[PDB]
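A quick write-up on the structure given underneath.
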4 protein chains.
Amino acid sequence: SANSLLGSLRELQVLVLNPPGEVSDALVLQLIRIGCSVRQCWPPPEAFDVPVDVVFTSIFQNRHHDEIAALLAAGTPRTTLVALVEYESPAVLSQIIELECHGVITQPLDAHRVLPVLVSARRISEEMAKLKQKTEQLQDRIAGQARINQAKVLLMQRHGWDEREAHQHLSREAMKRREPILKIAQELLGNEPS
Amino acid sequence: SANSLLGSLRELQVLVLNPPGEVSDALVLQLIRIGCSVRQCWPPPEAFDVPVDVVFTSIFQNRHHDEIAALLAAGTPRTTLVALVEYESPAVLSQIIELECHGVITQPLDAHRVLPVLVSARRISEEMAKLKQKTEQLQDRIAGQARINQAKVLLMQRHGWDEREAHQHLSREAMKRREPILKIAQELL
Amino acid sequence: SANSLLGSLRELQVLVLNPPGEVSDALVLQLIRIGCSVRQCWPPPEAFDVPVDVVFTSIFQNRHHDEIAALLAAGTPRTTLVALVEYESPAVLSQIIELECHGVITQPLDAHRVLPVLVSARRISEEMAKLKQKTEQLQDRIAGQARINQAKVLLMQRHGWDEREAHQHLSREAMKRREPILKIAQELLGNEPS
Amino acid sequence: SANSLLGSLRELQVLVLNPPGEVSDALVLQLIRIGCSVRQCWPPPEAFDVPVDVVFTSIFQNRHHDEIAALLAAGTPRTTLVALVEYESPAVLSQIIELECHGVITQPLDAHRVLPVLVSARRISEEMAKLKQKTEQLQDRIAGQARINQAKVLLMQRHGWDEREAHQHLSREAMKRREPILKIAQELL
């Protein structure tokens with residue numbers, strides 16, 4: 001919701017992943033005026049040790065590129081990403097595309113750019129993440145039905161059972177073992193197969 | 001794809017849906033320097049007329065908001081949306097959220113802010129459209145797989161055939177009647 | 001080899017999975033005359049607690065069917081299986097087909113049937129198992145190259161790297177971690193994918 | 001498949017490659033009761049003449065062994081092989097092993113021993129032929145996959161295309177020149 005998105009900003013945990021300096025100070029102070037919980041962080045760590053909702057990062061061409069790209073790829077699925085951009089040139093815009101930013105702030109930044117990009121980027125990252133998840137849920141379901149299907153067919157052949165028997169066995173085995181019916185299929189299976 | 005995205009900016013058809021004036025002017029001039037096909041329109045129409053890939057608009061507290069909203073609600077979902085924003089207060093921001101922009105440019109606008117926002121917003125809208133397309137494909141696929149599997153069990157059990165035999169038969173009839181395996185399967189069911 | 005097959009018989013561990021009685025006695029005593037290490041076993045266990053090379057089993061239609069079919073499906077890939085057959089009828093021959101026997105002895109058995117079927121069934125199970133294994137090795141290789149291929153493409157996109165860079169990274173990461181290069185891909189990967 | 005295997009026994013073409021006499025006679029009579037098409041031949045020929053699905057032979061210490069061996073070495077691999085055996089001693093058994101029988105019947109033969117051995121041996125030879133066929137398919141597949149992947153990297157890197165784009169291009173040209181994706185890929189390489 002517009003009101004639930006606007007009302008949740010003060011609970012967001014924000015990280016400013018940028019070398020300490022004027023850009024970083026202003027950015028952190030505006031986020032503190034908005035009311036977000038904020039922290040700056042330089043050199044790029046390997047992993048974040050504390051939960052993070054939104055990351056603000058600069059775009060590097062040296063060794064910090066691969067560090068930032070690896071760290072951010074490790075993050076949680078609803079991590080909002082905003083890029084601090086200083087160039088509109090191909091190598092720089094390609095990196096923003098590759099990082100999958102949800103919003104951009106062009107430099108030099110000032111206080112006025114912050115909130116509109118933050119809210120905006122946050123509805124985008126929330127929508128995208130729900131869409132992605134649904135895709136993943138469908139993929140998972142497709143693969144899982146395939147595996148259960150091939151374990152049933154495996155049981156039919158092995159035992160001379162029809163489908164009902166095969167299905168009955170899997171369920172009974174799954175039900176009384178406290179393991180999903182897909183677990184039994186996988187434990188049964190191992191055709192080194194599909 | 002970052003490369004193809006950048007390489008296709010000059011074929012984008014961009015509409016500046018905003019009142020005539022300095023803001024529209026400066027925005028249209030920077031979209032022509034970037035190289036996009038750019039038109040400007042005002043008052044908001046009811047349907048586009050010509051295909052539009054990206055719309056830039058402002059946030060109005062009046063009837064153009066609803067017009068613009070309806071205009072893009074009915075429009076092609078791959079139309080990227082960028083809002084020019086001058087206030088950070090809750091009713092204005094709620095308007096941005098309800099329009100579901102793919103990117104924003106806070107005012108006052110200047111040329112440096114345009115290209116980075118147009119590209120990041122375009123990636124965003126295209127990635128959304130792709131996930132929705134994958135969702136439909138996967139929904140259809142799960143359903144298809146089920147009927148191919150229930151039809152296979154049907155043949156297996158009807159004829160005393162193994163899975164492989166049922167699969168060979170489906171494929172054979174399918175590819176002899178120039179139709180999808182799924183059609184054969186649904187015919188059987 | 002003919003001579004290596006014939007010379008290895010005395011090291012085979014044979015199980016007679018059949019109710020105790022005359023059939024079982026004669027069968028065990030002939031296997032002891034051949035010189036195999038032999039044991040009889042009834043009711044069908046859930047798993048064999050000791051290594052087994054060759055199983056001799058009878059063909060049941062009651063509850064012992066599903067027990068024997070489950071136990072034998074659990075066995076090791078070079079387990080030779082010989083069926084003791086009393087009927088030539090469809091339900092009985094279908095079960096022998098479903099169990100994947102390597103040889104059959106028609107009842108009533110006598111000492112003369114044993115060695116020729118044992119040797120014969122054993123060259124068959126050795127050939128089949130090598131053929132199966134090769135199939136599995138190819139399947140494994142296909143899937144593994146696919147996964148490495150999709151992790152490289154994942155790295156290309158993420159980092160803006162070409163294929164050489166992507167390949168270099170995987171190898172370096174795999175090499176210095178003491179984990180196959182396919183392990184890195186799988187740990188990297190997780191598209192919930194192919 | 002146990003069901004289809006049993007149901008197709010009456011179409012099998014069985015050859016009793018053994019000297020005329022009581023043994024051949026009794027074996028041919030039991031294969032006709034089972035319902036197979038059955039012929040008897042003796043002395044072993046050099047090539048079959050007519051398609052043969054299953055051969056029953058005995059173990060000879062003389063030149064028919066080599067003749068029979070060569071006869072089946074050159075023959076269709078799906079030809080099931082069953083040996084009639086009367087000795088359990090090492091030279092006779094070595095002969096069985098070297099011929100690579102799919103089943104044996106120890107003598108004296110009687111009708112009860114035939115059908116169970118014919119079926120188990122037929123399953124065996126068919127399963128062997130299938131694993132060999134899968135092995136070739138998989139060898140071809142691994143090779144194919146590689147060239148589709150090296151061609152894709154080639155397009156990716158040539159044009160600044162992502163994997164998906166490279167895949168769409170291969171598929172499109174492929175399915176516009178009515179040829180395998182692999183041919184397009186190898187043309188590129």
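By convention in this document, chain letters (A, B, ...) are assigned in the order of the sequence lines, proteins followed by strands, and residues within each chain are numbered from 1. Every heavy atom of this structure was used, including side-chain atoms; hydrogens, water molecules and symmetry mates were not.
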Note to self: side chain to side chain contact (heavy atoms under 4.5 Å, CB included), that's the test. Do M156(A) and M156(B) meet it? Break it down for me.
What the structure shows: CA-CA 10 Å; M156(A) 296 172 58; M156(B) 282 176 70; 3.3 Å; yes
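- Environment of CZ in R78(B): sparse, with no more than 12 heavy atoms of neighbouring residues, nucleotides or ligands closer than 6.0 Å.
- The number of heavy-atom neighbours closer than 6.0 Å to OH of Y87(B), taken from other residues, nucleotides and ligands shown, is 12 or below.
- Contact annotation for residues 89-99 of chain B against chain A (heavy-atom separation below 4.5 Å, listed by residue number): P90(B), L93(B), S94(B), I96(B), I97(B), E98(B).
- Here the shortest heavy-atom pairing between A111(A) and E88(B) reads O-OE2, 4.4 Å.
- In this structure, OG1 in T106(B) is found 8.5 Å from NE2 in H112(A), a value given to the nearest 0.5 Å.
- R33(A) CZ: more than 12 foreign heavy atoms inside a 6.0 Å radius.
- Of the atoms belonging to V117(A), heavy atoms from both backbone and side chain fall under 4.5 Å from chain B.
- Applying the 6.0 Å contact sphere to CD of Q61(B) captures more than 12 heavy atoms from other residues, nucleotides or ligands.
- At most 12 heavy atoms of other shown residues, nucleotides or ligands fall within 6.0 angstrom of atom CG in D49(A).
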Next item on the list: Please report the C-alpha distance between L138(B) and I142(A) in whole Å, then the side-chain angles of each, then the deciding distance to 0.1 Å, and finally whether the side chain to side chain contact (heavy atoms under 4.5 Å, CB included) criterion is met.
Entry: CA-CA 8 Å; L138(B) 287 170; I142(A) 287 151; 3.4 Å; yes
Item checked: Intermediate values then yes/no, side chain to side chain contact (heavy atoms under 4.5 Å, CB included), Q157(A) and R164(B) -> CA-CA 11 Å; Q157(A) 179 136 215; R164(B) 322 74 177 296; 3.2 Å; yes
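- One finds the SG atom of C101(B) at 7.0 Å from the CZ atom of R123(A) (value rounded to the nearest 0.5 Å).
- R113(B) touches chain A through backbone and side chain together, each having a heavy atom under 4.5 Å away.
- To the nearest 0.5 Å, the span separating NZ on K132(B) from OG1 on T135(A) amounts to 11.5 Å.
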Next item on the list: Could you give me the CA-CA distance, side-chain angles and deciding distance for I124(B) and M128(A), then say whether side chain to side chain contact (heavy atoms under 4.5 Å, CB included) is met?
Entry: CA-CA 9 Å; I124(B) 284 152; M128(A) 314 219 47; 4.1 Å; yes
